[PDB]
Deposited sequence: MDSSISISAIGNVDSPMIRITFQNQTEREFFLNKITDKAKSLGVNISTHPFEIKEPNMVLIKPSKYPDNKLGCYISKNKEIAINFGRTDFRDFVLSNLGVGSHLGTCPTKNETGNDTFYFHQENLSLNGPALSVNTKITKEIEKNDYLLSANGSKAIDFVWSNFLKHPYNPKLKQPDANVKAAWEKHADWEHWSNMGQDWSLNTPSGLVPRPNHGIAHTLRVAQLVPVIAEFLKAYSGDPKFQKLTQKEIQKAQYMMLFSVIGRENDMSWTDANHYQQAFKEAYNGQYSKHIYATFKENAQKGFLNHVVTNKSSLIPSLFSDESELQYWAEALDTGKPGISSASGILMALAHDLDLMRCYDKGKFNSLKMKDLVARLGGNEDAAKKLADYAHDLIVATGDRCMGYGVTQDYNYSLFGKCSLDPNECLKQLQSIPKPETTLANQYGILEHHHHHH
């Protein structure tokens, strides 16, 4: 609903045009030879080829960049926020979440829009830990900037760039004042109701790229705990996330009726934010 607000649509246009519609950065497709050498030594370490994974996806309506962190994902995680909030209020048995007003829900939703824009490849936090440990392992302890810190700083920069010209629109309607805006700009680099809310949106959407075992263990347990041990409420929440994924033609690997990409549908949603919203809106929200 706030995704249809003036602030909402403007943020969407901004993150899409300035970040999400662009290819990943070729300089971050792989490490160099010396870094590669250090990486392979750990047979437990997921392969450096993870740096190049989900680079782009071929689709009837065009080549889709960053298919695992593009506009479909971004809008879905934003979409989920208000529903997650409703479920937390009903089942958590935690007062913090009854402290969750619409405005705080709206801020969380808005901020989710900026949640993946800093990405320059599809590597995980773990891959980045490994890269740095191997840039080290390779060159006698020499430091290099954590790749995820760069992603965070980029996302932060994007956000500051957008809010600078939209303050009269965003304050006081969405952000109460400039210092509240400051806190959220800071939170983008680096445990509150808002954070847990946003983390759970991220968590639920990972069903798109985690297998069932990995998704159910790494992500569903944490949601189940968040909802007062109510497994059933968690499942309904997961069903809606599933349906949003299916509505956008995305792959779903970790929950429900799994599927590969619906290429036709995903190319359409991923290359037109407006089509993506329409499809997401087509899914009935679960009742609490």
property: Gaps in the model, given as deposited-sequence positions counted from residue 1; result: 1 to 145, 336 to 340, 439 to 454
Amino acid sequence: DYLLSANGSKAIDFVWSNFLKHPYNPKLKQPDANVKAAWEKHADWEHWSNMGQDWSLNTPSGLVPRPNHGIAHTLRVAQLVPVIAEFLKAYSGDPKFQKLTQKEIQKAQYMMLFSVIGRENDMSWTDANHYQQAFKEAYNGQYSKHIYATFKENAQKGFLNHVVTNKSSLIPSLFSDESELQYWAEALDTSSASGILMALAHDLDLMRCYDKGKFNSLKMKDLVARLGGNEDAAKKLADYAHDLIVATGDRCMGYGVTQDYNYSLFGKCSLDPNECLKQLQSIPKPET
From here on, numbers count along this sequence of modelled residues.
property	result
45 to 53 versus 246 to 254 - greater average Cα B-factor per the deposited record	45 to 53
Mean Cα B-factor comparison, 87 to 95 or 140 to 148, giving the higher one as deposited	140 to 148
Top residue by Cα temperature factor, when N216, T101, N161, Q79 are compared in the entry	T101
Given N121, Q132, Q106, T74, the residue at which the Cα B factor reaches its maximum	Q132
Where the record places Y210 (Cα B-factor, split into thirds across the chain)	lowest
Ranked against its chain, the third holding the CA B-factor of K221	middle
Chain third (lowest, middle, highest) by recorded CA B-factor, residue given as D239	lowest
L170 by Cα B-factor - lowest, middle or highest third of the modelled chain	middle
CA B-factor placement of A128, once the chain's modelled residues are sorted into thirds	highest
